[PDB]
Amino acid sequence: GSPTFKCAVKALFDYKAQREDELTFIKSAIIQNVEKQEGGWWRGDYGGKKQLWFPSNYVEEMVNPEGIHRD
């Protein structure tokens, strides 16, 4: 996928906001700088946006450990 620094995730479910403070990110989307907020909602940039929202019912903080370093 896209293993990179920062705490990211890999949307397993599909959303449909596109830009409502939440995004229409689709399954496989990768968001960065994440952290569930009092309610079960996550933040983090995805696209030209920066820290919108994604369910803790839809996303999952990378259920695949491991990771390599570029150059």
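For neighbour counting, all protein chains shown are included, and Cβ atoms are generated from backbone atoms with ideal geometry for every residue, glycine included. Just so you know, all these numbers are worked out from the coordinates, no wet-lab data involved.
Within the stretch 1-29, the set of residues being within 10 Å of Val59 (Cβ to Cβ), touching a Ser or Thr at 6+ places or on another chain (Cβ under 9 Å) and of a type outside the set (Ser, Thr, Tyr) comprises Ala8, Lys10, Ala11, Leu12. Pairs are defined by a Cβ separation below 6 Å, a sequence spacing of at least 6 or placement on different chains, a first member in the stretch 24-37 that is closer than 9 Å to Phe13 by Cα, and a second member that is acidic (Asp, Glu); the pairs so defined are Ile26/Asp14; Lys27/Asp14. Scanning the stretch 11-64 for residues that are acidic (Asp, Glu) and outside any loop (DSSP other than H, G, I, E, B) turns up just one, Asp45.
Would you check which residues across the stretch 38-71 are in contact (Cβ under 8 Å) with a residue 60 or more places away in the chain and either in contact with a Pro (Cβ under 8 Å, 6 or more places away or on another chain) or buried (at least 16 other Cβ atoms within 10 Å of the Cβ) (or both) and list them? Break it down stepwise before answering.
Taking the stretch 38-71 first, the residues in contact (Cβ under 8 Å) with a residue 60 or more places away in the chain are 64, 66-68.
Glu66, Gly67, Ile68 - these are the residues of the stretch 38-71 that are in contact (Cβ under 8 Å) with a residue 60 or more places away in the chain and either in contact with a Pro (Cβ under 8 Å, 6 or more places away or on another chain) or buried (at least 16 other Cβ atoms within 10 Å of the Cβ) (or both).
Restricting to the stretch 21-51, name every residue that is touching a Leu at 6+ places or on another chain (Cβ under 8 Å) and at negative phi. If the condition is that a residue be touching a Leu at 6+ places or on another chain (Cβ under 8 Å) and at negative phi, then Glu22, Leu23, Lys27, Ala29, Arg43, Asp45, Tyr46, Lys49 are the ones that fit.
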